[PDB]
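As a starting point, one isolated chain is supplied in structure tokens, in the form deposited in one PDB entry.
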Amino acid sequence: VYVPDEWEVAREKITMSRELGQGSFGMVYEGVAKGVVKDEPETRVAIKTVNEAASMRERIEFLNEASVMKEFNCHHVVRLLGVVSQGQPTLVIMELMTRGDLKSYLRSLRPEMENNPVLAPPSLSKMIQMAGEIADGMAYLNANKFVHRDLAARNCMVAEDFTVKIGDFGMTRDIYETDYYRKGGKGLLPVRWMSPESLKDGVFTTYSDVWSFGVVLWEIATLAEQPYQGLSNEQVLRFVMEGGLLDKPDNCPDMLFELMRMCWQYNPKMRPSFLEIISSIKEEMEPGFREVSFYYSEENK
């Protein structure tokens, strides 16, 4: 297919500058755009591109995949701002998140270890604020009839002001490729982030997203260690399916671990919803959360 709509942006309104890094279809850049955020003449944006060698099938694929993001309008979900489908290079304009993916962010927080002072690990308040933002992006998606299937720190983005948001769907990368494993056929799956039921039948729901959310809290608490570190991909499958769980990270407040354990209930129906996760921590979120969140929006019921 490939049908241009109201998301179409004139190429002359875009300026690509520095590389952010490679995506599945090509290089992602930082840049500026005119008239993508209402009539703002200059908005710092992220620009997704298709490699110059790509085929017609590949460009149309990129446009249709990207286009799923058009439906969403949430402060805790990375925004699509525009599409450049007329002429080449094929572009998709998105909200810029200056601090990159949450897994790289958390790992950059680990001590350097060569005698210089270091910032103490994130406070429980800082962790709750990340949890609440992620959970809000996820509650908005669920209310919009979506099951994410790949919720993980590597798929959460960090803005200039440290706001965490659900990242652009299906971003491939290369850096976190070991976070995936194929037991079957077209089943290269994020096994260490999966619920016992999804590992059994390959079915994902809002409940299995809640399980992976608990894994994201553990990643936050461990500064993005590999979940089930001492185990091979095969051992993880058996260990999780048989009721095994991640250890309480060292120095992790019981309060944050209790929330992880709630997410990790063997029965999916016993796990809290994302609405329920937010309710339990709403008192702890920055006062601004009540004005920008899906949770506090008219759209929430």
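One-based numbering along the sequence shown.
Only in words, not in the display: the form deposited with a partner chain bound, which the text now covers.
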Stretch in contact, per heavy atom within 4.5 angstroms of the partner chain in the deposited complex, of 133-141, 200-208, 90-98, 77-85
200-208
Is it the case in the deposited complex that 150, 186 and 191 each bring at least one heavy atom within 4.5 Å of the partner chain?
yes
Please pick, from 64, 273, 233, 51, the one residue with any non-hydrogen atom lying within 4.5 angstroms of the partner chain in the deposited complex.
233
Residue 127, heavy atom within 4.5 angstroms of the partner chain in the deposited complex:
no
Should residue 171 be counted as a contact of the partner chain in the deposited complex, where contact means heavy atoms within 4.5 Å?
yes
Proximity of residue 212 to the partner chain in the deposited complex, heavy atoms at 4.5 Å:
no
